[PDB]
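Novice:
Number of protein chains: 2
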Amino acid sequence: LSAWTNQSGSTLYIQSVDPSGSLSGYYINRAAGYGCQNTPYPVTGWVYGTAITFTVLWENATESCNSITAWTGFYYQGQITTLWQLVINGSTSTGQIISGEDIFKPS
Amino acid sequence: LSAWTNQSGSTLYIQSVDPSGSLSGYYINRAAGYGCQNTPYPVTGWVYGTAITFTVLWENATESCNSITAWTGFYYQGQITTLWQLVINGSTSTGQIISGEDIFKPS
Ligand SMILES: O=C(O)CCCC[C@@H]1SC[C@@H]2NC(=O)N[C@@H]21
Ligand SMILES: O=C(O)CCCC[C@@H]1SC[C@@H]2NC(=O)N[C@@H]21
Ligand code: NA
Numbered sequence: 022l023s024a025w026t027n028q029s030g031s032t033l034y035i036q037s038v039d040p041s042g043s044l045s046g047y048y049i050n051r052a053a054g055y056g057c058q059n060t061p062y063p064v065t066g067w068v069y070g071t072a073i074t075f076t077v078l079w080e081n082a083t084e085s086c087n088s089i090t091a092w093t094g095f096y097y098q099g100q101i102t103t104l105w106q107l108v109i110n111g112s113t114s115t116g117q118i119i120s121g122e123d124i125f126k127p128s
Numbered sequence: 022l023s024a025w026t027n028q029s030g031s032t033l034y035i036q037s038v039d040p041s042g043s044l045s046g047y048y049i050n051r052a053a054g055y056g057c058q059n060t061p062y063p064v065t066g067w068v069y070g071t072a073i074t075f076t077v078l079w080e081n082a083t084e085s086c087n088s089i090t091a092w093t094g095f096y097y098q099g100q101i102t103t104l105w106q107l108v109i110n111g112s113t114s115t116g117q118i119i120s121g122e123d124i125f126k127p128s
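So the sequence lines, in the order shown, correspond to chains A and B.
Numbering-wise (this note's numbering), the first sequence opens with residue 22 and increments by one.
Numbering-wise (this note's numbering), the second sequence opens with residue 22 and increments by one.
(1) Here's the rule: buried if 16 or more other CB atoms are within 10 angstroms of the residue's CB, otherwise exposed. What is A/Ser88?
(2) Just to confirm my understanding: we take B/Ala24, look at its own chain, exclude 5 residues before and 5 after, and list those with CB closer than 8 Å. What are they?
(3) Starting from residue 164 of chain B, follow its DSSP beta bridges and name the residues at the other end.
(4) Hey, could you find the ends of the beta strand (DSSP E) A/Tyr62 is sitting in?
(5) Flag B/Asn87 as yes if its beta-carbon sits less than 8 Å from any beta-carbon of chain A, otherwise no.
(6) Whose Cβ in chain B lies nearer than 9 Å to the Cβ of A/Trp25?
(7) Between A/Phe125 and chain B, is the shortest Cβ-Cβ distance under 8 Å, so that the two count as touching?
(8) Kindly identify the DSSP beta-bridge partner or partners of A/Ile124.
(9) Could you give the C-beta distance for B/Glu80 and A/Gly42, rounded to a whole number, given that I count them as a contact under 8 Å?
(10) Please report the distance separating the alpha-carbon of B/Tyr69 from that of B/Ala53.
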């Protein structure tokens, strides 16, 4: 399996990419100031050539953060460049969706 | 068993949400000016309370658009409000990602 670590120290663990492009994996968040660190969270998404999307549900056996992240990005020159959006359960405005950029490199 | 149509007339068909919150279904794009109209594309994502992510691979046996869209949003007052990001195979810049807002009502 295929591990990718971003600038914050978080790691995407890719367990499979189906011939359909269906991606399955887990994620360990290590980003300072966020909840749900150091423990595995499930990943689903798509790979289409060098394009990728993947999303993480922030609940597991031990810690919940009432939120989901979706990454949209692309593989080029040894890195996956992504834009992410994080939505909190019970939100009432797109104003409350949090966003940023993660760069992932092989680890 | 759960269909949602946006302001552009596109429809998200949620076929199942697992107890894990894993979403599966298909999507029929009817958004003027885009490719991959009128035929079902596959959906994966997560539901967490009122929070939802889903992502469509724009590949099927009928037409392919070499792209992926990821939606991030929430259910509120009977509609799903979403921000989306569309990435194209072979992209080299975050500048080439396209973004928008979709609002879905039950259909
Ligand atoms: O705090 C939460 O609501 C759960 C953890 C969120 C981690 C975010 S997801 C986008 C960014 N990328 C990371 O590697 N960590 C943060
Ligand atoms: O044109 C492509 O690259 C394939 C289809 C993209 C359709 C987009 S996804 C975001 C927006 N919401 C829709 O209902 N359709 C467009
Ligand atoms: Na790949």
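Note that beta-carbon positions come from the ideal geometry of N, C-alpha and C, so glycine has one too.
Specialist: Answer, in terms of the structure:
(1) buried
(2) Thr32, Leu33, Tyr34, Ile35, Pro127, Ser128
(3) An answer regarding residue 164 of chain B cannot be provided, because it is not within the stretch 22 to 128 covered by chain B.
(4) 61 to 69
(5) yes
(6) What A/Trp25 touches in chain B: nothing, since even the nearest Cβ is about 16 Å away.
(7) no
(8) A/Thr102
(9) 7 Å
(10) 31 Å
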